[PDB]
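# Coordinates in review
Each chain, letter by letter, is given below.
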Amino acid sequence: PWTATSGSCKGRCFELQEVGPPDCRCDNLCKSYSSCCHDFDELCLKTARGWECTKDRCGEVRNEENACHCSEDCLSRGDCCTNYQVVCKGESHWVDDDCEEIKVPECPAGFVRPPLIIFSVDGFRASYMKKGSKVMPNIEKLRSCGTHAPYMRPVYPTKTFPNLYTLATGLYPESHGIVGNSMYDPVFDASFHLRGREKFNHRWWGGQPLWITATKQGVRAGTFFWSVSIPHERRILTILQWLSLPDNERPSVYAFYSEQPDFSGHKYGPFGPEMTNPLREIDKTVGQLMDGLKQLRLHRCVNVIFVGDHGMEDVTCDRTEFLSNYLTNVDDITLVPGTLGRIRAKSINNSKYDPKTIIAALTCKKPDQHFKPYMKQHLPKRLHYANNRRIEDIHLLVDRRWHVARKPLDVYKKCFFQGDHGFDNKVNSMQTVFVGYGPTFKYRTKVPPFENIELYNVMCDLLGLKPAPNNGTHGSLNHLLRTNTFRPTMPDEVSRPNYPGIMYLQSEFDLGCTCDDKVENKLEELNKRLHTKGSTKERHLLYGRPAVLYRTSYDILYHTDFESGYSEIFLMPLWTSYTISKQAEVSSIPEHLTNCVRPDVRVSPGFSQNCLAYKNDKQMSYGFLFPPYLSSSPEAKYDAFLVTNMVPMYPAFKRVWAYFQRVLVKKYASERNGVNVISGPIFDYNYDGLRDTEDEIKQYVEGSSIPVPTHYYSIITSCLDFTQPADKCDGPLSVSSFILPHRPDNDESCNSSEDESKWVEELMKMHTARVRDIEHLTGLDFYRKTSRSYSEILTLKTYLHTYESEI
Ligand SMILES: *[C@@H]1O[C@H](CO)[C@@H](O[C@@H]2O[C@H](CO)[C@@H](O[C@@H]3O[C@H](CO[C@H]4O[C@H](CO)[C@@H](O)[C@H](O[C@H]5O[C@H](CO)[C@@H](O)[C@H](O)[C@@H]5O[C@H]5O[C@H](CO)[C@@H](O)[C@H](O)[C@@H]5O)[C@@H]4O)[C@@H](O)[C@H](O[C@H]4O[C@H](CO)[C@@H](O)[C@H](O)[C@@H]4O[C@H]4O[C@H](CO)[C@@H](O)[C@H](O)[C@@H]4O)[C@@H]3O)[C@H](O)[C@H]2NC(C)=O)[C@H](O)[C@H]1NC(C)=O
Ligand SMILES: CNC(=O)C[C@H](NC(=O)COc1c(CN2CC(F)(F)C2)cccc1OC)c1cccc(Br)c1
Ligand SMILES: [Br-]
Ligand SMILES: [Ca+2]
Ligand SMILES: [Cl-]
Ligand code: NA
Ligand code: NA
Ligand SMILES: [Zn+2]
């Protein structure tokens, strides 16, 4: 646009209300827009005499030219150099003071709430907190005296813009719409880039970031963004100046942002010897801020959050895979390259472009191949990286330490760099930092790692704001806080189950099923009835029935060895619950029972699956939720072949499922001292992360109304203190869960021609999940009846078992 730069920044420096063109600007971002008034540098970016008071400046006559002041009036003006009281008034630096618990806010008159200051650092890898501790005394003091996690998990892709905006919104990138550092939106026909103007257009930025949430609810906010050429000392001095505004003008929430250490980590690698200085310099900035807060008498008033967007891995030019080494048609695709790949057609007019032949040419083609291709709907569900038109159908998950590129010339005609990021957000090198310090956070407290999507809710709690709807799980981080906790109630059950008894004769069933089960006792007759009425339910249902949170028709079915919630609408269980003790034995499916399927006389023929549909469907087979291999006795084993325990499974998937049920469950019970397993189907044909309704299902077992699941989940719970068996646990729980994709081939697993012991568990690890992910995908609410606090349970449901080594 045209800008009238002849206006002036006199008394407007770093103003909080931004003006519209063509009026010239004086705010945090005027440089980015090439719109600052002609005198912005002279007036707003003063540099004279640098950033520190020296003995001889103490008591100086004010000179407005100076970058900051050391005259007696500077405290009332709010513009002293940050080291003023130290140099001139005999005070100590904040870092040199002992830490002393902050039990309540100690704020100046006129403060309505403790302000929040967010200190965000780009590329600050979680292990810097230990490895660089010697050179970061201010940051170490925040970390040791406040509340810290050993690391914080970013979202995928572990790039800057998606993570910073997740921090501000509590949303996954697929929902807020910033899905990469580079993007094409085909509806707009527009491209987003780190450099340039298109990124300022509001149509890219979805959701509601913290500054808008605050402004809408009457809490003023500093501007969160800083043009890159504004030096960091100036950004700090601006925050400090704002905090001296009159009460009715002063914001309550502020952000600082640093481009370091990311900037240097790209050039030198995460641990290059050149990295020490950027760490020292960021620590010095922290010290400027705390020193500035101590002079304003705000150092035992403000909550400070020190938070990073993602880490940094070692990545060099020579670890690049070229699509030109796989594809014949390389000029017919556009690639978004680097630590992830995104592919789409170069021309929508090219009718010979085919995603299936592209994926196939990219699948397991070279022995040590350093990237795997996925249609976006098949990416692990924990990445939540599919529901957006800006995410290309074909995705490449790139191994840590590697890049992908289209052709070799892209790499040397577009080595240089030693570091990069963007990989799978489970990767250790990508993890980042969280420290919270201040009256509202706990004192000298370590909390377990958590996801960055959770922080928005917490920042809203710190400011007394109602968060906009987001993907955090509100209350899961209550353990970080001394006060302002959020105490939610469990959601209300929407559908109550039916408890059917025996209602049908065997001959009513014409399902085409057969079983060799006819062999003829008042000891064992009473016992079979008791088991069907729920007498073993407390052994197998350890945490209450899951609640169904939508409107549906379902039955509770009890059995000796397992309990299920059977849907009359989907014709299979929503959930199947069972406990396997350490002592449990594994058995085979007896030869006479290989193809046995048995009608369930509790459930009508009309609400049952049928075996004839599976016979006729030449692609589809079936498996069982509660595994027949883990029956408690020969007699109990018959229950496992009920038609109501059956679910549709591709033969390729049954290789995965059978290995999990036959080998892995018993292994986990041995290692964890018993496990409780809840397993079930998931239907997400629109890949939105949320339970599909019946009318969304795209595939059925041929000739039938039996819907085919897109995924199968399991939730595996035991006692955190593994000296107690899973079924007699007095304290906190431990959980691992997975959401396995239900696919007709094992193309994802390049070693699949081998024995299941060489590949299946590696697949399961890749599809690890939070209980909360399963909740969203099924409309079920787990752990309704424990002895544990609800916030503790919320934390357990956000846990992700990552399988990475120790940081
Ligand atoms: C993580 O948390 C978030 C936040 O809670 C969850 O996302 C929410 O999920 C809801 C369900 O998917 C969804 O609710 C829908 O909202 C529709 C209104 O949408 C606009 O308004 C809201 C409110 O301000 C706004 O936030 C939305 O912003 C989205 O869209 C703009 C683009 O215009 C983006 O800039 C922004 O980034 C965001 O995009 C994301 O969501 C959209 C979908 O809304 C996706 O398409 C994107 O890919 C991206 O992920 C919008 O501006 C409302 O219209 C919907 O109601 C429809 O469906 C119901 C059925 O219940 C029906 O009764 C209605 O009539 C209506 O159907 C009609 O339209 C259909 C489609 O055209 C048509 O087929 C029918 O025939 C009907 O005519 C619905 O209520 C909510 O929008 C998002 N919010 C956000 C911020 O993403 C997310 O689910 C959580 N994730 C997990 C895994 O838990
Ligand atoms: C070279 N600098 C950059 O690439 C990033 C710089 N970002 C910032 O100043 C503040 O960062 C963000 C912040 C700051 N928030 C603080 C927080 F931790 F909550 C995240 C929120 C949302 C998006 C952000 O950047 C995309 C910035 C500067 C100018 C314009 C934009 Br758009 C973004
Ligand atoms: Br913006
Ligand atoms: Ca869905
Ligand atoms: Cl990107
Ligand atoms: Na079949
Ligand atoms: Na394979
Ligand atoms: Zn970077």
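Residues numbered from 1 in each chain as written, not as in the entry; some residues may be left out. Chains lettered and ligands numbered in written order. Heavy atoms only, no water. Residues with missing side-chain atoms left out of burial classes, pairs and counts.

Its PDB header names X-ray crystallography as the technique used to obtain the model and reports a resolution of 1.7100 Å.

A few words on the site of ligand 1. Every one of the 13 residues lining ligand 1 counts as a neighbour, but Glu-174, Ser-175, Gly-206, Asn-387 and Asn-471 are closest to it. The separation between an oxygen atom of ligand 1 and a polar main-chain atom of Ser-175 is 2.7 Å. Burial of ligand 1 by the protein chains amounts to 33% of its free accessible area of 1500 Å². Of all the elements, helix 7 (residues 173–176) adds the most residues to the shell around ligand 1, at three residues. Residues that form the shell around ligand 1 fall into these classes: three nonpolar, nine polar and one charged. (Near = heavy atom within 4 Å. Polar contact = N/O pair within 3.5 Å; in protein donor to acceptor, adjacent residues only side chain to side chain. Areas by Shrake-Rupley, 256 points an atom, 1.4 Å probe, with all protein chains shown as cover. Helix = DSSP H or I, 4+ residues; strand = E, 2+ residues; numbered from the N terminus. Nonpolar A, V, L, I, M, F, W, Y, C, P; charged D, E, K, R; others polar.)

Let's shift gears to the coordination of the sodium ion (ligand 7). Tetrahedral coordination by four donors places them ideally at 109.5 degrees to one another around the metal; octahedral coordination by six donors ideally gives 90 or 180 degrees. Ligation of the sodium ion (ligand 7) by protein atoms is provided by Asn-746 (O), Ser-749 (O) and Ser-752 (OG), these donors lying 2.3 to 2.4 Å from the ion. Sequence positions of the residues that donate to the sodium ion (ligand 7) give the spacing N-x2-S-x2-S. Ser-752 matches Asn-746 in its accessibility class, with the two residues each being buried. (Donors = N, O, S within 2.8 Å, 3.2 Å for Na, K, Ca; no water. Buried < 20%, exposed > 50% of the residue type's maximum accessible area, 1.4 Å probe, protein only.)

Before going further, it helps to examine the coordination of the calcium ion (ligand 4). Around the calcium ion (ligand 4), the protein contributes the donor atoms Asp-684 (OD), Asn-686 (OD1), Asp-688 (OD), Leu-690 (O) and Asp-692 (OD), at 2.2 to 2.5 Å from the metal centre. All donors of the calcium ion (ligand 4) belong to a single chain; written as a sequence motif, their spacing is D-x1-N-x1-D-x1-L-x1-D. Residue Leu-690 is classed as partly exposed on the basis of its relative accessible area, which comes to 43%.

Moving on: the nonpolar core. In terms of nonpolar packing, the biggest core is built from 57 residues, with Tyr-578, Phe-653, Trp-657, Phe-660, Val-665 and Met-764 touching the most fellow members. For this core, the element with the highest residue contribution is helix 19 (residues 651–672), accounting for nine residues. Residues within four places of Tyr-578 in sequence aside, it is in contact with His-540, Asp-561, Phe-562, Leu-625, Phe-626, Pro-627, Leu-630, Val-665, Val-675, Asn-676, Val-677 and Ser-679. Counting 51 residues, the second-largest nonpolar core is a separate cluster that includes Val-121, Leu-142, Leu-279 and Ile-282. (Core = buried A, V, L, I, M, F, W, Y, C linked by side-chain atoms within 4.5 Å. Contact = heavy atoms within 4.5 Å.)

With respect to spatial proximity, 15 residues lie near ligand 2, and among them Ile-118, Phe-161, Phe-224, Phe-225 and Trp-226 are the closest. Between ligand 2 and the protein, one listed contact pairs an oxygen atom with a backbone N or O atom of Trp-226 at 3.0 Å. Burial of ligand 2 by the surrounding chains reaches 91%, relative to a free accessible area of 690 Å². Counting residues per element, the ones that place at least two in the shell around ligand 2 are strand 1 (116–122), helix 6 (160–169) and strand 6 (253–261). The biggest single contributor to the shell around ligand 2 is helix 6, with three residues. Looking at the shell around ligand 2 residue by residue, the classes come out as 13 nonpolar, two polar and no charged.

Okay, the pattern of salt bridges next. Scanning the entire structure with this criterion turns up 48 salt bridges. Between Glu-15 and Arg-12 there is a salt bridge, with the nearest N and O atoms lying 3.0 Å from each other. Accessibility expressed as a relative area gives 15% for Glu-15, which makes it buried. Among the ionic pairs, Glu-101 bridges to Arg-482, the shortest N-O distance being 3.0 Å. For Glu-101, a relative accessible area of 28% gives the class partly exposed. Here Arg-482 falls in the partly exposed class, since its relative accessible area comes to 27%. One salt-bridge network, held together by shared partners, links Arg-62, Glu-64, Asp-73, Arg-77 and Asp-79. (Salt bridge = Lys/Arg side-chain N within 4 Å of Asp/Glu carboxyl O.)

Glancing now at the packing of helix 6 against helix 14 (residues 455–462). At a closest axis distance of 6 Å, the pairing of helix 6 and helix 14 adopts a crossing angle of 40°. Classed by the angle they form, the pair helix 6 and helix 14 counts as oblique. Contact with helix 6, carried on its side by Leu-167, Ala-168 and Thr-169, involves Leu-455, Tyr-456 and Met-459 of helix 14 and no other residues of that element. Split by residue class, the contact of helix 6 with helix 14 holds five nonpolar, one polar and no charged. (Axes fitted to C-alpha atoms, helices over the stretch in contact; angles between N-to-C directions. Parallel < 35°, antiparallel > 145°, perpendicular 65-115°, else oblique.)

Tracing the backbone shows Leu-763 in helix 20 (residues 760–766). By relative accessible area, which is 10% here, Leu-763 ends up buried. Separated by 126 residues in sequence, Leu-763 and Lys-637 place their C-alpha atoms 29 Å apart. Excluding its chain neighbours within four sequence positions, the residues that come into contact with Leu-763 are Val-656, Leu-740, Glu-748 and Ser-749.

Another point: the sheet that holds strand 1. An order of 6-1-7-16-2-17 is seen for the six strands of this open sheet, with the pairing classed as mixed. Pairing within the sheet leaves two strands with one partner each, and these edge strands are strand 6 and strand 17 (445–446). In this structure, strand 1 lies alongside strand 6, joined through seven bridges in parallel fashion. Counterpart to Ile-117 in the pairing with strand 6 is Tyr-254. Running over the sheet, helix 5 (residues 137–145) touches strand 2 (147–148), strand 7 (303–308) and strand 16 (434–437) and is turned about 75° from strand 16. (Pairing = 2+ DSSP bridges.)

Now for the pairing of strand 11 (residues 340–345). Most of strand 11 is tucked away: five of the six residues are buried. Bridge count between strand 10 (residues 333–336) and strand 11: four bridges; the pairing is antiparallel. Residue pairing in the sheet places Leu-335 in a bridge with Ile-343 of strand 11. In textbook terms, the turn of a hairpin is the stretch between consecutive antiparallel strands, and for strand 10 and strand 11 this stretch comprises three residues, one of which, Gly-338, has a positive phi near 115°.

Another point: the side chain of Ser-736. Within the secondary structure, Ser-736 is located in strand 27 (residues 733–741). At 3.1 Å, the side chain of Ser-736 and the side chain of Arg-672 are in polar contact. In this view, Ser-736 contacts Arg-672, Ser-714, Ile-715, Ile-716, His-801 and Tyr-803; residues no more than four positions away in its chain are not counted.

Turning to the sheet that holds strand 21 (residues 563–567), a few remarks are in order. Judged by pairing direction, the sheet is antiparallel, and its seven strands sit side by side in the order 20-21-22-25-26-27-28 without closing on themselves. Pairing within the sheet leaves two strands with one partner each, and these edge strands are strand 20 (554–558) and strand 28 (768–769). In this sheet, strand 21 lies alongside strand 20 in antiparallel orientation, the contact comprising five bridges. Note on strand 21: the bridge partner recorded for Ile-556 is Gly-565. On top of the sheet, helix 21 (residues 771–778) reaches strand 25 (675–682), strand 26 (711–719), strand 27 and strand 28; it is set at about 50° to strand 27, its chief contact.

A complete count under the given rule lists 38 aromatic pairs for this structure. Seen from their ring centres, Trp-211 and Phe-225 are 5.4 Å apart, and the 80° between their planes marks the pair as edge-to-face. One end of the pair, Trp-211, is in helix 8 (residues 210–216); the other, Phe-225, is in the loop between helix 8 and helix 9 (232–242), and 14 residues separate them in sequence. Assessed through its relative accessible area of 38%, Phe-225 is described here as partly exposed. Every member of this aromatic cluster is reached through a ring pair, and the members are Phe-119, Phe-124, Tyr-128, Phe-256, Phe-271 and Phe-306. Seen from the ring of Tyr-33, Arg-25 lies directly overhead, with NZ or CZ sitting 4.2 Å from the centre. Cation over ring: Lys-141 sits above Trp-94, and NZ or CZ is 4.1 Å from the ring centre. (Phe/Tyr/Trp six-rings, centres within 6.5 Å; stacked < 30°, edge-to-face > 60°. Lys NZ or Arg CZ within 6 Å of the ring centre and 35° of its normal.)

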